[PDB]
């Protein structure tokens, strides 16, 4: 096996097609399905799998009570076959913790899990299913990472971490790993003012991460990483098509180098594909809550502070709950370009549906097509009343 190199550009995105969906909450009403949240998708050279943070209980289990909570000793990064649900019997534990990322470099997979109390957390870096390196908290305030896949080039896999306040300036670092070992780390540079939960993808131009500004911004910060030089820059998506949640209404001028104001101390993990005229942004339909999901084609969104949509696709109706979203691609697929893909977490239960005492989710995932395909909408599909 050889390390994968990012030698291709993105395929032209003319629409999005259904890729995967697990219907986990529907099935978990009467099966041993683990409670999860913060899901993602990641490919190996021979298989693509669903990933998420388990809560160490099934949905119908009495221990599902209280699973709105983010950080417990009972969480772990698990993976399971594409579009199956995460069950007790089919889920493979990658590592133990409550914040994660994972990626295959072409030879083996690196997985990183952070665990610990708020003031004493630590990351453990696994490579080829063995622990290899560890990183202690540097700011003693909830060391945390991407919650979606990382990306590798010639064995080098950059990962974005943040330690510090969620409501003020924090200490963000970009780490560069190879075979699980730390080659280098850097402090965040550039004009992004707060960074959390980066969603990344790679192509010949380098690695592009679309993150969340939890502090002041409703536009999304972007980190652009050169995995060869092991350097990065940062800014915001310039476009006035704002993609955090909650968020203000779309203005006609966005902000390239500072947070667009209106909403403080909140946000949701999201993603974009920034590729000139082939640029597509994901966002919740609602400006107020994590409901609905749509893709918008916004030419030069990264660099054009006046850019508006010229095409779109609804993924989840506003009437249906969404949640986190992130990027991944099958870097080992045949062809001359990388096909952009994404997932949307469909959160069920608390806080929005409080007649149940649990919080979980299911997954829907799409990839791009060069055709202009008809659109459907893709709800979680579970009836909450059944769980009462």
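Residue numbers count along the first chain shown, from 1.
K.L.:
Output the stretch having the higher mean C-alpha B factor in the entry; the candidates are 96-104 and 225-233.
P.N.:
Averaged over C-alpha atoms, the B-factors run higher in 225-233.
K.L.:
Please compare 306-314 with 79-87 and say which has the higher mean C-alpha temperature factor in the record.
P.N.:
Per the PDB entry, the higher value belongs to 306-314.
K.L.:
So if I compare the CA B-factors in the entry for 174, 124, 195, 301, which one is the largest?
P.N.:
Highest C-alpha B-factor among the listed options: 174.
K.L.:
Have a look at 148, 257, 208, 141 and flag the one whose Cα has the highest B-factor in the entry.
P.N.:
Out of 148, 257, 208, 141, the record gives the largest C-alpha B-factor to 257.
K.L.:
Among the modelled residues of this chain, does the Cα B factor of residue 297 put it in the lowest, middle or highest third?
P.N.:
Residue 297: CA B-factor falls in the middle third of its chain.
K.L.:
Test of reading the entry: by CA B factor among the chain's modelled residues, which third contains residue 113?
P.N.:
Middle third, going by the recorded CA B-factors of the chain.
K.L.:
Per the entry's values, where does residue 374 land by CA temperature factor relative to the rest of its chain, in the lowest, middle or highest third?
P.N.:
It belongs to the middle third of the chain when residues are ordered by C-alpha B-factor.
K.L.:
In terms of the CA temperature factor given in the entry, to which third of its chain does residue 283 belong: lowest, middle or highest?
P.N.:
For residue 283, the deposited C-alpha B-factor lands in the lowest third.
K.L.:
Mind checking which third residue 25 falls in for C-alpha B-factor across the chain?
P.N.:
Answer is lowest: the recorded C-alpha B-factor places it there.
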